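For the record, the sequence lines run as chains H and L. Count the first sequence with the deposited numbering and you get residues 1 to 136, 142 to 223, in order. Per the deposited numbering, the very first residue in the second sequence carries number 1; after that it's consecutive. Presented below is the structure to which this report refers.
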Amino acid sequence: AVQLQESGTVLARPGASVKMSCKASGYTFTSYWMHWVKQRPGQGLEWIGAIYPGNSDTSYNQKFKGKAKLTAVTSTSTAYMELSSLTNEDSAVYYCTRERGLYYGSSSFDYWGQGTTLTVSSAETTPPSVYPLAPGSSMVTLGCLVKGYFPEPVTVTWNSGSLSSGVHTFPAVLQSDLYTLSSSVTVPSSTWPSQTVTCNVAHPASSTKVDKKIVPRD
Amino acid sequence: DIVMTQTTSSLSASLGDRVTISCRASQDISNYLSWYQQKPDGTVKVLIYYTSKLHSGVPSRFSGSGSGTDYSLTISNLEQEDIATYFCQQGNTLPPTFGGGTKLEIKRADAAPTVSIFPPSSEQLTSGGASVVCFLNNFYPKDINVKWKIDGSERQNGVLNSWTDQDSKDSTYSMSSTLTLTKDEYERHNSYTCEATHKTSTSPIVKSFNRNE
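Spelled out as structure tokens, the structure:
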């Protein structure tokens, strides 16, 4: 089986250079062009360039000349891409993908890595504040606001997972360097506030786990 | 660069349907066109290359056709696993270029949003900030607009929105909208209102929170 295994999520400071990698297996690394592709998270796919590891011939999108540097290490069947002078515009998921058809090529990509997320930010790891959402029908909706954290991700559960039906956790939005997200849960009015409802928030990056009970307000 | 345009960004369908996704190149691309499938976990697979050749291991319910500038991917009998985003890509001329992508969704009956609004918590107010949060849950179709009003006055600044992808169980969508103000400005007003415009209603769907309550 052909497999392309890319290195993990990278956080980088603005103005820096980052280097990411793509480990190829299941085929002769030196006989196929390895391409890289950028996906900014509200748009499609942009071709960066390619390297032929057999002789290190390279080819770059004009838009990425001076930005990306492609290299490959034969002994370890690993391709690298180094991106320079990082800005917010470089935050994206980057894929490595093999081109079908060996050196002769095809400009079709038959195998893809799982992607590497690059997040460029001057923010350093900081835990969220978790705020209860209580209102002030057969059903009541409650929520949690998980605000001002970095980096992604956080996980949110409700009553430790026993409330899965009727839960919505929304994708985080970026405000002023930091992420904020919300999550809602809906239960029978018969159960809240008679019973307890709690959002369990975990921010692995800051080793934080917070339990926030949702209190009635008056 | 050759421009690739996929005819739509979003396409509805029912399981068991025949589905067709098309794209168009800005010049003839000589059948050098491939189709890729991207799933929500970010993973990517090629389905078709050179217009109509099926990649090994890809189910033969996928097929491709076309010539010149115009190409289509067809799924003969849509399965659940096929709900994904599909990209076309030309390899006629460097640089290789991709279409903008077409995301499939499951078709279903219209459903009105369930709207809930929430005041800032006491914990947040102590920090000097105030966020009012509005959830608009389980609606369909996905198209929806949210307007915030403070004591009757429409408010755009300080609003952030977030949308879920289509629910795997009931095929609806949800949205969250948050208005964030300083504690001071928040305390200077009483009535906070989230109003949704959605196909399911001629008038706005309005939920309000009033500091008098």
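Note that CB positions come from ideal geometry on N, CA and C, so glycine has one too.
**Item:** Bridge partners - L:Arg24, DSSP secondary structure assignment
**Value:** L:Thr5, L:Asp70
**Prompt:** At which residues does the alpha helix (DSSP H) containing H:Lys19 begin and terminate?
**Reply:** First-last for H:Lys19: 18-25, but that is the beta strand (DSSP E), not the alpha helix (DSSP H).
**Asked** Where do the N-terminal and C-terminal ends of the alpha helix (DSSP H) with L:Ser122 fall, by residue?
**Response** 122-126
**Message:** Am I right that H:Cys204 and H:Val161 are in contact with their C-beta atoms under 8 Å? What's the rounded C-beta distance?
**Reply:** 6 Å
**Message:** Rounding to the nearest angstrom, what Cα-Cα distance links L:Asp151 and L:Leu160 in this structure?
**Reply:** 19 Å
**Asked** Could one say the Cβ of H:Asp216 lies closer than 8 Å to chain L's Cβ atoms, at least one of them?
**Response** no
**Request:** Using a Cβ-Cβ cut-off of less than 7 Å, give me the residues of the stretch 87-105 of chain H that come near chain L, in sequence order.
**Result:** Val93, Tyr95, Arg100
**Request:** Specify, as a first and last residue, the run of the alpha helix (DSSP H) that L:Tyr186 falls within.
**Result:** That run of the alpha helix (DSSP H) goes 183-187.
**Prompt:** When the Cα atoms are used, what is the spatial distance from H:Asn164 to H:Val37?
**Reply:** 41 Å
**Prompt:** CB-CB under 7 Å to H:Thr201, same chain, minus the five flanking residues each way: which ones, in chain order?
**Reply:** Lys218
**Message:** Tell me the DSSP secondary structure of L:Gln156 in three-state form.
**Reply:** coil
**Asked** Got a sec? Which residues, its chain only, sit under 7 Å from H:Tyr154 by beta carbon, not counting five neighbours each side?
**Response** A distance below 7 Å between beta-carbons, with the five flanking residues on each side excluded, links H:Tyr154 to the following residues of its chain, in chain order: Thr126, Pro127, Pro128, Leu183, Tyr184, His208.
**Prompt:** In this structure, what does DSSP give as the bridge partners for H:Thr185?
**Reply:** H:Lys152, H:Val178
**Request:** Tell me L:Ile150's beta-bridge partners as DSSP assigns them.
**Result:** Note: L:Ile150 sits in a beta bridge opposite L:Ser153, L:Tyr192.
**Message:** Considering only DSSP beta bridges, list what L:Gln166 is partnered with.
**Reply:** Note: L:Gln166 sits in no beta bridge, so no partner.
**Prompt:** Do you know offhand how far H:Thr213's Cα is from H:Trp33's?
**Reply:** 43 Å
**Item:** C-alpha gap between H:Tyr104 and L:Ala196, whole angstroms
**Value:** 55 Å
**Item:** Pairwise C-alpha distance: H:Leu11 and H:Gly66
**Value:** 21 Å
**Item:** Rounded separation between L:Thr164 and H:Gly49 - CA only
**Value:** Each residue's Cα considered, the two are about 33 Å apart.
**Item:** H:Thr28 versus H:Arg98: straight-line alpha-carbon distance, rounded
**Value:** 11 Å
**Prompt:** So, is L:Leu15 buried or exposed, given that buried needs 16 or more other C-beta atoms within 10 angstroms?
**Reply:** exposed
**Message:** Between L:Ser153 and chain H, is any beta-carbon pair separated by less than 8 Å?
**Reply:** no
**Item:** Residue burial classification, H:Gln62 (beta-carbon count within 10 angstroms, cutoff 16)
**Value:** exposed
**Message:** Could you give the first and the last residue of the continuous beta strand (DSSP E) run that contains L:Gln80?
**Reply:** Per DSSP, L:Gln80 belongs to no beta strand (DSSP E) and is neither H nor E.
**Prompt:** So with Cβ pairs under 8 Å, would you call L:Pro113 a contact of chain H?
**Reply:** So, not an interface residue.
**Prompt:** What residue from H:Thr71, H:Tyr95, H:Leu86 has the CA that sits closest to H:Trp112's CA?
**Reply:** H:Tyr95
**Request:** On the DSSP bridge assignment, give the partners of H:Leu11 in chain order.
**Result:** H:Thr119
**Item:** Nearest to H:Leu186 (by Cα), restricted to the options H:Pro193, H:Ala177, H:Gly166
**Value:** H:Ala177
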